[PDB]
There are 2 protein chains.
Amino acid sequence: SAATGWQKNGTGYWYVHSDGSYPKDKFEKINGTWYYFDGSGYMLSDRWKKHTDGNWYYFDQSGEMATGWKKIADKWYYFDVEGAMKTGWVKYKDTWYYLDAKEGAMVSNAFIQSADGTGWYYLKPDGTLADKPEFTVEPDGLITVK
Amino acid sequence: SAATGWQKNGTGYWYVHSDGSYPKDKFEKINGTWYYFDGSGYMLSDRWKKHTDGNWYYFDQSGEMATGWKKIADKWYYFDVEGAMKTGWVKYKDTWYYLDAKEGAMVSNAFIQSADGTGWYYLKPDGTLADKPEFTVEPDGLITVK
Ligand SMILES: C[N+](C)(C)CCO
Ligand SMILES: C[N+](C)(C)CCO
Ligand SMILES: C[N+](C)(C)CCO
Ligand SMILES: C[N+](C)(C)CCO
Ligand SMILES: C[N+](C)(C)CCO
Ligand SMILES: C[N+](C)(C)CCO
Ligand SMILES: C[N+](C)(C)CCO
Ligand SMILES: C[N+](C)(C)CCO
Ligand SMILES: C[N+](C)(C)CCO
Ligand SMILES: C[N+](C)(C)CCO
């Protein structure tokens, strides 16, 4: 906790073990919290990382691995309990949400094709699933949903 | 997960067990996360709670018990790992912070009297402890610190 723990040489943070010594290019758990250190010892803060397990990870300005829902650059993302960004459907409370399969951001006000390519799910403006959507159709074929 | 879990009757969220039944006026852990439900079964969201253990707890709009640093109404608070709002000194990374003993918000740009009433600690504008503060004094007795 003096020459042994969180260190700061201007550019960023690194961390010192009694002796392992300082993590680089890996994850580390520190007082209960996961961080990632770049190839040069420096903690990632406010940054996306695409890991070796094919997952996307986010680290806040503080360096803490994101877990659960997190608004980032004005878009929602859900991260599983082990910090992996999720895509597709997720259960949150009483309802369902859908996260782009490409960028991973929550989708809203959209039709999502069903897995078997046969049908659709509508997600409202706030992103929730419509359990009971309502349609109206005008003569030109214009559709409103609610 | 249908007539058995997160429920929503307009006013707020309540939660149904196979059969305990629905928590009221207590904490509950649900899929790894702690919530609090008022005397009437409803999940607290975006709210301070003063618990029966004499601690202050915060619950975000989502209802999640706050843990770690959390900015709330434009002030910082550190919550211990079990969600109890902390006061006094805390260790964060390479430095120290001080949280008001009264309201619990982080203190910045201030002198804090040492425990034994004998000396002082200065915390900068961003709230960090000054390990090496510098003073200058003008003829009227005016002091700058840095
Ligand atoms: C150990 N440092 C983080 C200071 C530099 C690594 O090259
Ligand atoms: C200054 N804090 C410790 C409050 C957090 C900065 O990310
Ligand atoms: C979409 N979220 C569930 C992340 C929050 C909405 O309040
Ligand atoms: C399990 N994590 C992905 C959280 C880090 C170690 O691999
Ligand atoms: C509940 N949904 C069917 C919308 C998602 C599962 O694929
Ligand atoms: C998936 N991200 C949005 C995190 C980066 C682009 O691949
Ligand atoms: C939360 N409930 C609606 C189940 C109880 C109200 O008295
Ligand atoms: C232990 N907690 C305070 C986190 C909840 C139950 O009291
Ligand atoms: C080390 N400080 C004196 C800053 C406070 C610890 O109780
Ligand atoms: C007493 N607190 C400042 C902790 C909460 C605001 O009412």
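Thresholds applied
Residues numbered from 1 in each chain as written, not as in the entry; some residues may be left out. Chains lettered and ligands numbered in written order. Heavy atoms only, no water. Helix = DSSP H or I, 4+ residues; strand = E, 2+ residues; numbered from the N terminus. Buried < 20%, exposed > 50% of the residue type's maximum accessible area, 1.4 Å probe, protein only. Contact = heavy atoms within 4.5 Å. Least-squares fit on C-alpha atoms. Buried area = accessible area lost by both parts, 1.4 Å probe. Salt bridge = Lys/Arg side-chain N within 4 Å of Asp/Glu carboxyl O. Near = heavy atom within 4 Å. Areas by Shrake-Rupley, 256 points an atom, 1.4 Å probe, with all protein chains shown as cover. Nonpolar A, V, L, I, M, F, W, Y, C, P; charged D, E, K, R; others polar. Pairing = 2+ DSSP bridges.

Structure determination for this entry is recorded as X-ray crystallography, at 2.60 Å resolution.

Check the secondary structure of chain A and you find 0 helices and 14 strands. When the elements of chain A are put in sequence order from the N terminus, they spell out β-β-β-β-β-β-β-β-β-β-β-β-β-β. When its C-alpha atoms are laid out on the principal axes, chain A stretches across 75 × 30 × 25 Å. For chain A, the residues scored as buried account for 38% of the 146 residues in total. Taking the contacts inside chain A whose residues are at least 6 apart along the sequence as the reference set, 24% of them involve residues at least 24 apart.

Mapping chain B onto chain A leaves a residual RMSD of 0.1 Å; the transformation is a rotation of 180 degrees accompanied by 0.0 Å of translation along its axis. Such a combination of rotation and displacement between the chain copies is what one expects of a two-fold axis. Judged by C-alpha distance, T67(B) is the residue of chain B that lies nearest the rotation axis, at 6.2 Å. Comparing interface residues between copies, 100% of those in chain B also lie at the interface in chain A; the contact surface is shared.

It is worth spelling out the interface of chain B and chain A at this point. Contacts between the two partners involve 9 residues from chain B, matched on the other side by 9 residues from chain A. Buried area between chain B and chain A, summed over both chains or domains, comes out near 860 Å², and the portion from carbon and sulfur atoms is 61%. Linking chain B with chain A are 0 salt bridges.

Here the focus is the site of ligand 3. Residue and element names in this part refer to chain A. In the vicinity of ligand 3, the contacting residues are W69, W76, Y92, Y97 and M106. Summarising the interface, the protein chains cover 68% of the accessible area of ligand 3, which totals 260 Å² for the free molecule. When grouped by side-chain class, the residues that make up the shell around ligand 3 number 5 nonpolar, no polar and no charged.

All names here are of chain B. Relative to strand β6 (residues 56-59), strand β5 (residues 47-50) runs antiparallel, the two being bridged by 4 bridges. Across the sheet, residue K50 finds its bridge partner in β6, namely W56. Connecting β5 to the next strand, β6, in antiparallel fashion are 5 residues, including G54 with a positive phi near 70 degrees.

Position of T33(A) relative to the elements: it lies in strand β4 (residues 33-37). Beyond its immediate chain neighbours, meaning those up to four positions away, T33(A) contacts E28(A) and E64(A).

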